[PDB]
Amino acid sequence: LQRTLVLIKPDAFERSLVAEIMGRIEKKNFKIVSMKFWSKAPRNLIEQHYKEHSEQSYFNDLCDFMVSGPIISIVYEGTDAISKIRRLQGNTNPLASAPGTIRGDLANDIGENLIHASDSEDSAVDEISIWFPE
């Protein structure tokens, strides 16, 4: 039993795909443990969430995009939730993400890619603490 951190990104709201994405995880039988709606996340939270990317050329565009509309942060719980939700998410790159995955069916850009999911136990703990410090 693991918990992972998922963000629904501002592009899902712009495109009205919030329920679609959440529904895919719900149908796979993962349970919401906590959830927060952000009309706009503070840039500092975003910078912390993506701290590993601070030296990448896309860092600033990525932070601007993540504060460009609402976000929902969600903690999901389930056996092997971290790896499983990552497989449902699909690859970052639109040339690679597989039909059947969230990104494979729905996303067409490497940046506006609808959804974040923690990639490991270490990072899940970290990201959960950022979005749900309580």
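Residue numbers run from 1 along the displayed sequence.
On average the C-alpha atoms of 120 to 128 have higher B-factors than those of the other stretch, with 120 to 128 and 14 to 22 being the two compared. Across the two stretches, 53 to 61 and 92 to 100, the PDB entry reports the greater mean Cα temperature factor for 53 to 61. When the C-alpha B-factors of 41, 72, 82, 75 are read from the PDB record, the largest value belongs to 41. For residue 36, the recorded CA temperature factor ranks within the highest third of the chain's modelled residues. Split the chain's modelled residues into thirds by C-alpha temperature factor. Residue 106 is in the lowest one.
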